[PDB]
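One structure is given here, and the rest of the page talks about it.
Number of protein chains: 4
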Amino acid sequence: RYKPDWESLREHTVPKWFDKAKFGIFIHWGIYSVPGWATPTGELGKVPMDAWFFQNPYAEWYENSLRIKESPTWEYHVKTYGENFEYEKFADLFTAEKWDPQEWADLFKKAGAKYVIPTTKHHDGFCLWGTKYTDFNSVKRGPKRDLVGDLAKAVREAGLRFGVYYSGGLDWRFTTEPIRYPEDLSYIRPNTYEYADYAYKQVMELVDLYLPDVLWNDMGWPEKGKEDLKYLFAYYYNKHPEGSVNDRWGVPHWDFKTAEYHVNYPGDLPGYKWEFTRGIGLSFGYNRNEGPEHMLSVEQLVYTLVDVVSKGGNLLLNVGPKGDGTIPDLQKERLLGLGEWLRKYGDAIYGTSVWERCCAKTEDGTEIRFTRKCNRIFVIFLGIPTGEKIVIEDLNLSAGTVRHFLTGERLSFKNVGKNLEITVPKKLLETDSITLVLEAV
Amino acid sequence: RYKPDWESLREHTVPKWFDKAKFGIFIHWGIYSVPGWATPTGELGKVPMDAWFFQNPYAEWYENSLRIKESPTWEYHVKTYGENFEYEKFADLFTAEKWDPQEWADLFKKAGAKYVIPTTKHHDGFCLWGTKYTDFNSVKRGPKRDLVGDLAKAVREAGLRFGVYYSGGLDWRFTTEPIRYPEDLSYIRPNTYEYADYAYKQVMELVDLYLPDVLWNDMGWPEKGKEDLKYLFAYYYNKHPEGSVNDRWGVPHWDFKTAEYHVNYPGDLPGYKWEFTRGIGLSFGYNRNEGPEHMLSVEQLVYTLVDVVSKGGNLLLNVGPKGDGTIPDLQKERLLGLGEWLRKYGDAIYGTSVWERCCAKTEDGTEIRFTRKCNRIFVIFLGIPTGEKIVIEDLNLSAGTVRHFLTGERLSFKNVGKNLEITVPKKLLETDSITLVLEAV
Amino acid sequence: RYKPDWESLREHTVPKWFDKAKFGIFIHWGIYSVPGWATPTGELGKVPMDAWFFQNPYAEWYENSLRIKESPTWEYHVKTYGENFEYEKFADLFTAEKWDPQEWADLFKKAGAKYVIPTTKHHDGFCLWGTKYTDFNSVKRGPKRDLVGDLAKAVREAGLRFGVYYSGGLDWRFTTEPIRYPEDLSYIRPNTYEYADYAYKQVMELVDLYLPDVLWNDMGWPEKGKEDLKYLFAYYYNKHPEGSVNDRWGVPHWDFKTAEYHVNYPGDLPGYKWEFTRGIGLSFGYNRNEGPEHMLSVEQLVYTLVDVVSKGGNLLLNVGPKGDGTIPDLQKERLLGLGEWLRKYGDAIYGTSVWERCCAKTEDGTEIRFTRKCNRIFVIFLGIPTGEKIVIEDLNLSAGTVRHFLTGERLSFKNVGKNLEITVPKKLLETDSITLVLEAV
Amino acid sequence: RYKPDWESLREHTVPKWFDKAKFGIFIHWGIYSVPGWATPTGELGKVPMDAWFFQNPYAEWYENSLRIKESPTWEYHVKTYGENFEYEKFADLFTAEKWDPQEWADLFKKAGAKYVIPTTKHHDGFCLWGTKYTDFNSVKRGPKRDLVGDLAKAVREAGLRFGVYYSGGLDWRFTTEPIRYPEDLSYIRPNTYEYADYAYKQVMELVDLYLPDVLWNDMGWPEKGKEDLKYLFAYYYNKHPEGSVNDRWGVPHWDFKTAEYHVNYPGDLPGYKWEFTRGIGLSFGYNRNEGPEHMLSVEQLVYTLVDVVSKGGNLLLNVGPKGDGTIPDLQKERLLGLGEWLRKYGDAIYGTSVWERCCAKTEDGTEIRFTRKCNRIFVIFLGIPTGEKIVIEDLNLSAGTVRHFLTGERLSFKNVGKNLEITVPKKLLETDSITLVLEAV
Ligand SMILES: C[C@@H]1N[C@H](CNC(=O)c2cc3ccccc3o2)[C@@H](O)[C@H](O)[C@@H]1O
Ligand SMILES: C[C@@H]1N[C@H](CNC(=O)c2cc3ccccc3o2)[C@@H](O)[C@H](O)[C@@H]1O
Ligand SMILES: C[C@@H]1N[C@H](CNC(=O)c2cc3ccccc3o2)[C@@H](O)[C@H](O)[C@@H]1O
Ligand SMILES: C[C@@H]1N[C@H](CNC(=O)c2cc3ccccc3o2)[C@@H](O)[C@H](O)[C@@H]1O
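Chains as they are written, first to last, in UniProt numbering: chain P, 7 to 447; chain L, 7 to 447; chain R, 7 to 447; chain G, 7 to 447.
Quick look at the structure:
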């Protein structure tokens, strides 16, 4: 058993399944999906924080944006819905009329994901399961249905792991003033003992009803409730040792860390297990304002996954469904594009470990990443070189044998000084899809 | 912005408006105003604390007195209302049938007050605004009206500042045993986490609905909720930098300190901004038992104001209205008397600063106080000397010019040793109303 | 009395003498003054923190730079003193053979300064007084003299206030590893109970031996010792009420805040008393490598003081003496020039208060700053306009009388729209030294 | 960088070199080695704690035993050294006259160990290095030599990793009363701030002087000093990322856990890196009273290491040298025998990982342990079966190829039900030394 103390809970490390899974699907879905609107300003870490909340690209932040008068959201809202239309009202419009959890699960499985994590409660406080601690939930309003439970059953039937996201650090049902600047986050929070009990009871409830594979908390945990996590974590691990928690609780324990868009993104091997998350575009919740110009292309998604994995991370790619429960076409295509690439190259991703180094590049500027499976080293190019002669800078191999991954064809190579030279027959180079992949042994 | 930490909140000092205002009106009004009864025993600080709670002169302490069997209040109550008449019942009798907030505001403006602060919730827990955290309030019971909101609108329309009083440290809706001795205050308190959240939510609510100019807490703050004040104060000052808080929270921060009747009353310049409070009589809530023998006379009120101001303080004079919302005649006359004196002498009060010393006296025992406005020094006598020859002890001036304030007539003076001599023409002496006032330059 | 708790200590505010003084002299003098060498890289706030400690422009950080091998300092040291010359050895070379405290005091008085603050102990832990808590001090080594005491007597003899600088946060006699990045400061500190007691005892000793007018701590106070400050401050204020402390202790109390070069420099009135500090060049300690190109010119110093004062601050200008006790001519000539402008314009500086706004500018960009003395408003131009017709943007006056400060000559003016037009005869413009100064009433 | 907080420190996990090393040598050497005497009562975990301290088998607890009058130790001491011979006096007899560190290092290398950890300071508080914080150390007394440093140089010269053992929890130089029952440990400890600083300073000094590969604390860390460990660990890891610390500090962080004789010995795979420690006999310090009957035989040592390694642990085997610096032949011959088996079977130990299960057994009870190297699974028999037909209970293989480890000879096998049958020709069985080793692929 795990005891309720940080020294004991440290005994639990990231489970194997999670380390080997490499790719998961995040799902931000709630009543904010109904208006599904945000100004696609840019990526977190690139937009100046003094403007960020006033032109928030996270459509799931709609309510906070609505609370800032004369913010693009306020104007959009007043003209589309009217001023006598409270944000809460969207809970009744959220009907998930076309939702089919098995179709979602089929899709995430085809895309190559091995786990799925929906938002059980985001910052607006709306709950997607029939919780008994609030009536502001999907069973009582809108969908008239236990979205979390139903999705978990479908995901698990498809053979994928199932986790839960819970906004522990923020709940706008307990505050009135919006977040205008990053500094505001230091005092505009529920702040009460009552809220801390609520959060604790809600996560314990999720654990008892669905025994998730991952407890993904966001925005930190209520200061008054931090001590509670020793008990919660021990309770959780003792019922599910292969369970896992992220690092957004603000306490000593975590099984894996996180990075969001540019924030805390590592440039080289970090030394611990971590997970990258971002939307296919610039938002997590659905944004009808985004076009393909704001989204990553299938090629960019593949290069992102490879970069992340060579660095020991897992990619948790977010999908932003519509209020009716359908997944926009732009998103579905990119999920599929990635699933296709993974069907061909998956063996150099799933189940791999990091190598001595994560990165390299060809004399001509083509970026390279490495992954490993025992004695096999995968050399993954972020693109496909034009010429048959490939010069990798600052790299020497002691393998003696280097094959072209898809075909398995042995290739010719030699360490020329501080570099490594390989000849890749154009026929092979033409077989690869987005990345030229080599395997050294 | 202010950050939620004591070191940062210290950056906020008492606002100018408050320091210059000098005189404000306190209003203790609640359901205790209906029975409006107390034994007028004496002034706080003069009555032995071993008898005080058994013969409490604070009529607003009626419920606590009622809970002590065979206390004058219990007997009075049983004979007037009966034993089957719970204190709470007075919430239904509290109808404010004749209340006219604009008339209150007109009156406080004529009296010379620059700010007004009503009890939003006193020790009995009854709330004078439509709070959503309890049904024991003025919108649901008795007046059927938002007394706080309505008074704030009237006060502000009259051009005066508006603050709120909130009994944070005591709420008898959460306790059953009465306070019999001062020691009891150390354990007979709500004491629960629930109460601490309640208090926090109620003051945050007052801030969001009325954005008061002063948060006047009383009886300390729930120990469990003290840390909450860092967030509350930062939240408040960031929405209203000219807002202010008193010193009854029991935490590191405060903008001005307080003194009640004789308690913590300074004898000389204190070194920080402070405010004196007391009732026109011996109680804060209306007491039909007080006669003019228990009240300060207009002259005493003026001398009190001057003493307080020369010492850097503000006077917060309490008015105890009746259950029907009218202000007793004894009180209205004294408010008016003071307003008259302030109309004539206001320029030596509002906007003044303390001088090198607060006090002095004439060879014959007439007390004197000083205030200042740059190079002008006001010399205010607590009374009007009979003889034209005035000898002030232990004072020498380097002004060269001393005028008689009301008329502006230059006077004859000279430093005779360790004293200062001035000749005040009887004609002038007869022009003054309660205080002979001189101005040195 | 002041009590040992933050709520009581809050009662003490910045003493009047300090608020009115406006200009003081900082003195960073120690054994680092002997090598007196640094790479004059740039101003704090403008140099990237990734390079700063490696090319530190603060000569007083010589020891820390010396511990980073292959730092310019390390190279310089090895060629100049040798690889076997430990930093501590500089205490034997620090002889202050040509030191004359009354000569320093007279120069600071002539320079227009009202208070002086020497480094009693900087980060290297060497003490400039005969402390009984360490033998690494100026009585036992180097000068064989109590430098703090002898300087304190001299400064006071000259009629100036005397404060003490103490490095509470860092003491390299308790660490071995150098600071290479800002992050290192979070763990490379003495850290022991022993050190917290040491710092408490030494500041207590400074208070006892010299009862300074200012306790200027630097680098934070040892976490373990933070609660001691309640007792230290009450002890101090009870012995010396007109005493004062800065804001670098990391506890709730402080009497004035500070800004260093660009760091925390206010853009407008801040709302509390503060003080700006910087060296005449880029270092606080004497740097033989700085030349006039690294120093502020007299003109710039004047503009600095004016800007700081119009925003309610005091300027604490640093002088870096040599190991022999002399003050370099470059620094001396700048002090004397500033003193000259102050002898001429002192009245628009000393004893002033902030006005409604600190700033304005002329139609052709000449910056303007304001100060006040009751009804008299001083208009200071940062430079002397060439033409006689002056147009001040966004300013209206309601004084009816504007004079030329130096001569007293009444000048012609009028409010022309959102601007203020004034005519200043070239004969006056020609009398002003570095600043055109106007006086409106 | 690692930051000084538990959440950041969590990022550091057991270094690869340690996980792969599998075997290290502990060395308990001090002035207690001079009397070198204890009652060899039994193994920790098997001796009732009501008797233990009174008949302590740990020779290194001589001083504590000596303070309990009428303890076998007290008797022995009085007859051997005399009632007037204080324990501290043993520091003058501790001369290590025949010590040769390179000879120890070569023996540890030849024994198959990859790291060495000597007691820099045991419970008696005597320090085996020239610490500047106490004169009770080996440079000032006894050997007049820095034993930790000289041993560190030698061990490293031999190519092995060097760690340090430090008694943080107990120091008998700070107590006078002996430990008689486990309960006494809860209050007979140094207990002062002074001691918490002392321990922090000495471990910091060990890190600075020798930058050890392992910080192996014992007996917990002083409560008052626990928060210092955040800073100590970050300081340490930032200087030496491949460094490591054990789990005996009583704080949230640790890189590997420990087990001592029977205490905390895992029965199956535990889920985290750990290390088993015990003496070759019943004592850590040299006990002249132990004979071969109290010691593990070479065979038992082999079986121990194998059991520990198959369960993911490292074995830290203790050697107890004599006061003169020599290692007793009984211990030396066991180290050499183990080294012989490791030179022969090293490949099935060093650099291995745990498999699905650690354990199995043959039809006639021969215990079996497993280790892995990617696809190669090592099958280690704790003993060599007599017959050629072997039946392994509850094991099935899906390798298709099982070889005899020593020769490489392919062997015949098949899954017979829930069992695995294999034929090993006696000529092979006769080549194995203490263990039959098989290799499945
Ligand atoms: C996944 C996204 N999380 C946002 C909040 N982000 C955080 O609390 C935060 C961001 C972040 C980045 C790196 C490491 C830790 C971090 O914590 C949240 O506001 C968005 O709506 C969305 O749910
Ligand atoms: C204004 C009056 N306050 C009474 C409670 N008084 C206090 O908590 C108290 C009294 C007091 C006096 C000096 C400084 C601080 C102080 O705190 C309260 O019991 C009365 O009913 C009335 O509201
Ligand atoms: C006056 C200088 N102070 C330096 C340390 N600075 C700080 O700790 C710091 C800098 C700073 C700037 C604005 C407000 C607070 C601040 O604290 C110190 O390192 C220099 O050697 C010199 O003594
Ligand atoms: C290696 C030996 N350690 C003894 C102290 N043991 C402990 O504090 C203890 C024993 C123990 C066993 C498993 C996990 C943690 C544990 O802590 C110590 O008293 C002996 O003298 C010797 O140094």
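Backbone N, C-alpha and C fix where the C-beta goes; we use that ideal spot for every residue, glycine too.
Min CB distance residue i to chain G below 8 Å
i: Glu200/R; result: yes
Reference residue i; option with closest CA among the options
i: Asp56/L; options: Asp370/L, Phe262/L, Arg186/L, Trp260/L; result: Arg186/L
i: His128/L; options: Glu92/L, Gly174/L, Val154/L, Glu415/L; result: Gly174/L
i: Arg382/R; options: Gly357/R, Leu336/R, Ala446/R; result: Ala446/R
Residue i beta carbon near ligand 2 (any heavy atom closer than 7 Å)
i: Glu200/G; result: no
i: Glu66/L; result: yes
i: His259/L; result: no
is_contact[residue i, chain P] using C-beta, thresh 8 Å
i: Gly249/G; result: no
i: residue 468/L; result: Lying before the first or after the last residue shown, residue 468/L is absent from chain L, which here runs from 7 to 447.
i: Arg7/L; result: yes
i: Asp261/L; result: no
i: residue 448/G; result: Past the boundaries of the shown model lies residue 448/G; chain G is included only from 7 to 447, so the question cannot be answered.
CB contact below 8 Å: residue i versus chain R
i: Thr19/L; result: yes
i: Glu69/L; result: no
i: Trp23/L; result: no
i: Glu13/L; result: yes
Cβ-Cβ separation, residue j to residue i (assumed contact under 8 Å), whole Å
i: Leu344/P; j: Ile355/P; result: That pair is no contact at about 11 Å.
i: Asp11/P; j: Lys236/P; result: 6 Å
i: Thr368/P; j: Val408/P; result: Actually they do not touch by this definition, with Cβ atoms about 15 Å apart.
i: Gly131/L; j: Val145/L; result: Between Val145/L and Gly131/L the Cβ distance is about 15 Å, and since that is not below 8 Å, they are no contact.
Under 7 Å by beta carbon: chain G residues contacting residue i
i: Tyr193/R; result: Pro10, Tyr237, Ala240, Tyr241
8 Å Cβ cutoff, residue i in contact with chain C
i: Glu189/P; result: No chain C is part of this structure, whose protein chains are labelled P, L, R and G.
Chain-ordered neighbours of residue i on chain P, where CB pairs are closer than 9 Å
i: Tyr206/L; result: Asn197, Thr198
Chain-ordered neighbours of residue i on chain G, where CB pairs are closer than 9 Å
i: residue 5/P; result: Here chain P covers residues 7 to 447 and nothing more, so residue 5/P does not appear.
Minimum Cβ-Cβ distance from residue i to chain L less than 8 Å
i: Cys133/R; result: no
i: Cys380/R; result: yes
Cβ-heavy atom distance, residue i to ligand 4, below 7 Å
i: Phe290/G; result: yes
i: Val269/G; result: yes
i: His34/G; result: yes
Within chain L, partners of residue i - CB distance below 7 Å
i: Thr182/P; result: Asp214
Contact list for residue i against chain R, beta-carbon separation under 7 Å
i: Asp203/G; result: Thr198, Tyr199, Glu200
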